[PDB]
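A.B. asks: pasting the first chains of the complex, positions unchanged:
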Amino acid sequence: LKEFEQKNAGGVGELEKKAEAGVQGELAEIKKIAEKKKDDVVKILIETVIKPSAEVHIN
Amino acid sequence: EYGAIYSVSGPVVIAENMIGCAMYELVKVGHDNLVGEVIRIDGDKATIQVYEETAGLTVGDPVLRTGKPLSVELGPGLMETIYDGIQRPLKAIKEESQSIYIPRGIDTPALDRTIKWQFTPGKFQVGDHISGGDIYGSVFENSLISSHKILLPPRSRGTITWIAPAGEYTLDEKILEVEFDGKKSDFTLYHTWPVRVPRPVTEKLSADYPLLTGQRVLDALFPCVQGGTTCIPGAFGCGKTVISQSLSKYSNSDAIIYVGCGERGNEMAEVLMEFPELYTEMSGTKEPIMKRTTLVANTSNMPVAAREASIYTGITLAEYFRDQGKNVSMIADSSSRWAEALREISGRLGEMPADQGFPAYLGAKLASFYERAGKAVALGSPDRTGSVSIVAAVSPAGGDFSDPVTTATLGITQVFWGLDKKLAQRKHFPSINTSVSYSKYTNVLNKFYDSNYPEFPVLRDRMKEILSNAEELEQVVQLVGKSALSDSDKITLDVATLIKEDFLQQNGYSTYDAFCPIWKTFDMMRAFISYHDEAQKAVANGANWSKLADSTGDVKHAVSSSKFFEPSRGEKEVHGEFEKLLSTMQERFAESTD
């Protein structure tokens, strides 16, 4: 049981490496995709902002 | 007219600028053009029923009146179809939508115009006087219901100025030029009729020709006759649907209609897709029984007014068919749910009930709704003879005297089948309390039995009397247990036990326990009668019951297995077996008695 308790402390450095593996790639790809559609969406939003929408409620 | 929406309150709306309308009249409302019927009017503010959902509606929206009350479409294509409470094609709506939802404002027609039919002119020559209720031609709709009759809707008279030829046709086509005053009489293959008002008839008649269920207690004990009705409690362990299935597959009904109001959805989907699995057990094996079935299934989740109008729609369809001189049956999901909807609507309207949550008129409304059933001779030259039978599946609130609807039903009906809770507690289904149920028709129906089993009535009566005596003596014995008791005491106890385990028990699913004919029941009854009578007359002079039963041995068991006689096996092989059984029983009694 003492050996098992000690081994319960053996899993303290694998957690950080697993977290780094889980994060790094997704971080990198998010940063990358932050540029392809970047300008496209910028233009889309800016253009859509200025549109007039003249309307009257009729009832 | 073009109204403006003034106020909206959930399933209630107040329009303005309403003038000259009928407090029962369809209306198209809102931009989405929803459906609603005015209810209460005053000045120019209209209280309108809404049969759909309200969301995002605003004042001033256009309001379109119609000028007519709620009606249903009558003609071909009805049969073997499923609709909502307000007559909308579930299948057509689903397929058109290609989704799993119901859009708001859809108007899929009740009867499709996408199918042609092979019409045939009747015998009415052009230039002849005509009136409502007179057949002028027929069309083929289905094998089981071939030759769909075509009738002139009532309130329609004139002289036939023309007749359409035979051949293949669809709806929408004028087929009969008539003139009351002018050519205006143009009629296509279908027509309509307001739900609230029942159609007329030549006259009514008596009742006879008892209905059959296949389950021994009902037919044998508390007779049921077509052109009538009754209340059947639903326990979900007493064969909630088995009775309905047996009725559908055995009742000599020309048409079957079942409706769903408190459908939990599971039962709905099941019954729907297990009807396909069902087969017509009549005049050969026709895989589809739905050719005799048309359903109006509505879950609670639909607007309450739909559950309100479901029964009116169904009964109207029933009358439409029976006008052709046929036999029809109705099945109701749960009347209690309908009453709950009624009280909900009344309260929402803002008028106090008087029955711990039910408006007073409930009784009158139920009486009127019931009174459309019966037997009658049709109206018109062809002289048909229809018959409408129904049954109300009363769903109690966990009590019997708590819900007045029970009293209302018991005050109007003439056959009523109660329920013993303890039977269910013992899983003794079929669970029916004998001491409470009753059927008045037994009186008249002697004139029918005397033609087939002229000794059945008195035998049944004596059997029921014996059962009552056993019930009575139970209350004495239980408080004191076994004591100084005559052999007749054990005789009554054991005969009652055998009757109940035989009669009041039977598997809902077996070739010999889920269905029985009249003659087989007759044989069972006579065998038990002979058993008990011979036993009693034997003990009348000594013959201690212990040694008596030992001498007769397993005669009680000998008759017990008779239930395993499979019916439909000739009716003479089974009858011959029962004759042999009676012979052995009578001789065994005569001999072992001495």
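C.D. replies: The structure has been received and is ready for your questions. Residues are numbered from 1 along each chain as shown, chains lettered A, B, ... in the order given.
A.B. asks: Tell me who's in contact with whatever residue of chain B ends up closest to chain A.
C.D. replies: Residue of chain B nearest chain A, by C-beta to the nearest C-beta: residue B:60 (3.0 Å). Just so you know, the C-beta spots here come from the backbone N, C-alpha and C atoms, and that holds for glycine as well. Neighbour list for residue B:60: A:59, B:4, B:5 [criterion: C-beta atoms under 8 Å, 6 or more residues apart in numbering or on different chains].
A.B. asks: Go ahead and build a ChimeraX selection from the buried members of those residues.
C.D. replies: Of the contacts of residue B:60, the buried ones can be selected in ChimeraX as follows, counting by 16 or more other C-beta atoms under 10 Å in any protein chain shown:
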select /B:5
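A.B. asks: Report the contact partners of the closest residue to residue B:35 other than its chain neighbours.
C.D. replies: Computed as C-beta to C-beta, 6 or more residues apart in numbering or on different chains, the closest residue to residue B:35 that is not its neighbour in sequence is residue B:51, at 5.1 Å. Counting by C-beta under 8 Å, 6+ apart, residue B:51 makes contact with B:34, B:35, B:36, B:37, B:86, B:303, B:305, B:306.
A.B. asks: change it to 10 Å
C.D. replies: B:11, B:26, B:34-37, B:70, B:84-86, B:302-306, B:308-309 (C-beta atoms under 10 Å, 6 or more residues apart in numbering or on different chains).
A.B. asks: and if you look at residue B:237?
C.D. replies: B:423, B:424, B:425, B:427, B:428, B:429, B:431.
A.B. asks: now the residues you listed: which count as buried?
C.D. replies: Applying 16+ other C-beta under 10 Å to those flags B:423, B:428, B:429, B:431 as buried.
A.B. asks: got CSV for those residues, with secondary structure and distance to chain A too?
C.D. replies: Listed next are the buried ones among the contacts of residue B:237 as CSV, based on DSSP: H, G, I helix; E, B strand; the rest coil; distance: C-beta to the nearest C-beta, whole Å:
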residue, secondary structure, distance to chain A
B:423, helix, 60
B:428, coil, 59
B:429, coil, 58
B:431, coil, 59
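A.B. asks: Which pair of those spans the longest distance?
C.D. replies: B:423 and B:429 (6.9 Å; C-beta to C-beta).
A.B. asks: Check the contact lists of the two and give me the overlap.
C.D. replies: Counting by C-beta under 10 Å, 6+ apart, the contacts common to residue B:423 and residue B:429 are B:235, B:237, B:238, B:504, B:505.
A.B. asks: Buried ones from those, can you make that a ChimeraX selection?
C.D. replies: Applying 16+ other C-beta under 10 Å to the shared contacts of residue B:423 and residue B:429, the buried members can be selected in ChimeraX as follows:
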select /B:238,504,505
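A.B. asks: Can you tell me which of the shared contacts of residue B:423 and residue B:429 is closest to residue B:368?
C.D. replies: residue B:235 (28.9 Å).
A.B. asks: What count of nearby residues applies to residue 2?
C.D. replies: You didn't say which chain, so I picked chain A. For residue A:2, the neighbour count with other C-beta atoms under 10 Å in any protein chain shown is 6.
A.B. asks: ah, I was thinking of chain B
C.D. replies: 8.
A.B. asks: ok now do it, which residues does it touch?
C.D. replies: Residues near residue B:2 by C-beta under 10 Å, 6+ apart: B:17, B:62, B:63, B:64, B:65.
A.B. asks: if you set the cut-off to 8 Å instead, what comes out?
C.D. replies: B:17, B:62, B:63, B:64.
A.B. asks: Same check on residue B:84?
C.D. replies: B:90, B:296, B:297, B:298, B:302, B:306.
A.B. asks: I'd like to know which of the residues you listed are part of strands.
C.D. replies: Members of the contacts of residue B:84 lying in strands (criterion: DSSP state E): B:296, B:297, B:298.
A.B. asks: Quick check: phi and psi on residue B:97?
C.D. replies: With angles defined as degrees, to the nearest 10, residue B:97 sits at phi -60, psi -40.
A.B. asks: slot chain C in:
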Amino acid sequence: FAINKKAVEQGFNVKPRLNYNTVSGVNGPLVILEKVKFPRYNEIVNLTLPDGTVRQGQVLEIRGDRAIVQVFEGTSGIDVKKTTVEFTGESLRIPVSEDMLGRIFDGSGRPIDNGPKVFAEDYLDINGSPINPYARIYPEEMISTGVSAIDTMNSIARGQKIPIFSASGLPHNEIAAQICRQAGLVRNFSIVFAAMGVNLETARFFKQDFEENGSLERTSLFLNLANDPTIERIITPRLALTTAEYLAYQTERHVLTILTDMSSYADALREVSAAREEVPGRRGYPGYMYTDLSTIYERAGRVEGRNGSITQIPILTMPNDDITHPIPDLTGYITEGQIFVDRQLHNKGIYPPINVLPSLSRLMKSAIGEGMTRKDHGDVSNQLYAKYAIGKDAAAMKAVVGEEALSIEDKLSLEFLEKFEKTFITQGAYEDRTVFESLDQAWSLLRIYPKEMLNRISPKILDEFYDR
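C.D. replies: This next block brings in chain C, placed alongside the chains you saw above:
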């Protein structure tokens, strides 16, 4: 797919909102406005107290320039001069996504666990639209639980409404937790549980059970305690059902739902039914909550198009150990099956303290028998029910008459009963019983009797397993 790409275009037109400042009256959970243009019934509106605080509510009644608006986040500090009302002009929209796993949601459905917005894939109406009646499939693949009573007498097929009629001060929540963690489908699963009108300890308990279970990653919660404004309690179940529908019928995943309290729901509905006059039903309850209950229970089952299925398990608390009381009675009307507990057995230190006699599963026949189980099950259950009732009534009779009319079979049924409650019903909080050994114990108990009393057993089955 592309059609999905071709439908979001509507999310690019923006229209400002009217900001009214004409509050006309306040009465507890209700606010009354004046001079309103185009009320647009069933609208979500936002309010700003004269301090910077912002809360929101929904309109319920509308007429000429008069709209009646309920509100959730309390009603204190409201002034009739310095408050501003804005009209979003729309009903409630709930953001939805796949990422909500392992997220804690308030009663209003917001990340209360330091996590940012859900980054929604879409906003959904909390009130969906009805499923076409001709679109549903019947439940099958009877799922097990490891609980002798539930698994045997009232087995459940996934896709059914199943209330748990609990009584006050009972370990019902623990029963549900053991059920979920030990959930077993042998003929994985996403669990969303909503906490509304509840105390605190239950929350930490359930979180602990999920963490130890390890399934916390495949579940999400909506939390709403008593200190939270009571009014929003009428919303949480809508959010839960919307999320469940989205996940199941768009990802084809089998999902189970747990509702802690319907009693608080009925309480909130009654609460906001009197600030405005309403002709009350039985015990003050507006008669129409039948409709709302149906709306809640509308969402369940399976359909042909979607493989994923939904199953509802609402825990209900009897106010006074009662069924005819409006809440339990109405629930029984429309719900499916029922699970019952009794105080006597618990006082007798019996876990779980189920009461078989009232508890009945309306739907068991379809998902039992051969193909997935052994056909004996039906007769086993019927005979068990019958003998249990017989023993109970025999004990009751003796309690008033003594040993003066007690047949041998009477005391036989008694001793059978005592052993039945002692062994069969009792189970450890960590042992799961498959149907097999369950039926084995059933036969063990049964074999005390002769082959003639057990008339609820077919001669065939009566002879197959009477002795092995």
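A.B. asks: ok chain C is loaded, check the contacts of residue B:51 again?
C.D. replies: Taking C-beta under 8 Å, 6+ apart, we find residue B:51 in contact with B:34, B:35, B:36, B:37, B:86, B:303, B:305, B:306.
A.B. asks: Adding neighbour count and distance to residue B:254, write these out as TSV.
C.D. replies: Formatted as TSV, the contacts of residue B:51 follow (neighbours: other C-beta atoms under 10 Å in any protein chain shown; distance: C-beta to C-beta, whole Å):
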residue	neighbour count	distance to residue B:254
B:34	19	37
B:35	21	32
B:36	24	36
B:37	19	32
B:86	21	26
B:303	21	33
B:305	23	31
B:306	22	27
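A.B. asks: wait, which of those residues is closest to chain C?
C.D. replies: residue B:303 (8.6 Å).
A.B. asks: From what I see, that closest one and residue B:54 are in contact.
C.D. replies: No: judged on C-beta atoms under 8 Å, residue B:303 makes no contact with residue B:54 at a distance of 9.7 Å.
A.B. asks: Is stretch C:24-36 positioned near chain B?
C.D. replies: No: under the criterion of C-beta under 8 Å from any C-beta of the partner chain, chain B is not reached by stretch C:24-36; the shortest gap measures 9.2 Å.
A.B. asks: quick one: residue C:457 and residue B:242, what's the gap?
C.D. replies: To residue B:242, residue C:457 is 20 Å away according to C-beta to C-beta, to the nearest Å.
A.B. asks: Of those two, which one has the most company?
C.D. replies: The neighbour comparison of residue C:457 against residue B:242 (other C-beta under 10 Å) goes to residue C:457, with 22 against 17.
A.B. asks: Identify the residue nearest the residue in the stretch 351-500 of chain B that chain C sits nearest to in space, chain neighbours excluded?
C.D. replies: Relative to chain C, the nearest point of the stretch 351-500 of chain B is residue B:481 (2.8 Å; C-beta to the nearest C-beta). Leaving aside its sequence neighbours, residue B:481 sits nearest to residue C:405 (C-beta to C-beta, 6+ apart; 2.8 Å).
A.B. asks: Enumerate every residue touching that neighbour.
C.D. replies: Contacts of residue C:405 (C-beta under 8 Å, 6+ apart): B:477, B:478, B:479, B:480, B:481, B:482, C:397.
A.B. asks: Which stretches in chain A count as helices?
C.D. replies: A:2-8, A:14-49 (DSSP state H).
A.B. asks: Determine which of these approaches chain C most closely.
C.D. replies: helix A:14-49 (4.8 Å).
A.B. asks: Let me know whether that closest one sits next to chain C.
C.D. replies: Yes: looking at helix A:14-49 against chain C by C-beta under 8 Å from any C-beta, the contacts come from A:44, A:48, A:49.
A.B. asks: Including distance to chain B and neighbour count, could those go into a markdown table?
C.D. replies: Converted to a markdown table, the residues of helix A:14-49 next to chain C look like this (distance: C-beta to the nearest C-beta, whole Å; neighbours: other C-beta atoms under 10 Å in any protein chain shown):
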| residue | distance to chain B | neighbour count |
| --- | --- | --- |
| A:44 | 28 | 12 |
| A:48 | 24 | 12 |
| A:49 | 26 | 9 |
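A.B. asks: what is in contact with residue B:303 and residue B:54 at once?
C.D. replies: residue B:11.
A.B. asks: Would you mind naming what in chain A lies close to chain B?
C.D. replies: Looking at chain B, the residues of chain A close enough under C-beta under 8 Å from any C-beta are residue A:59.
A.B. asks: Same list, the contacts of residue C:405, but as TSV with distance to residue B:227, neighbour count and secondary structure please.
C.D. replies: Shown next, in TSV, are these (distance: C-beta to C-beta, whole Å; neighbours: other C-beta atoms under 10 Å in any protein chain shown; DSSP: H, G, I helix; E, B strand; the rest coil):
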residue	distance to residue B:227	neighbour count	secondary structure
B:477	43	15	helix
B:478	43	11	helix
B:479	46	12	helix
B:480	49	11	helix
B:481	49	13	coil
B:482	49	11	coil
C:397	46	15	helix
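A.B. asks: May I ask which two of these are separated the most?
C.D. replies: Pairwise over the contacts of residue C:405, using C-beta to C-beta, the maximum falls at B:482 and C:397, 14.4 Å.
A.B. asks: Thanks again, I'm all set now.
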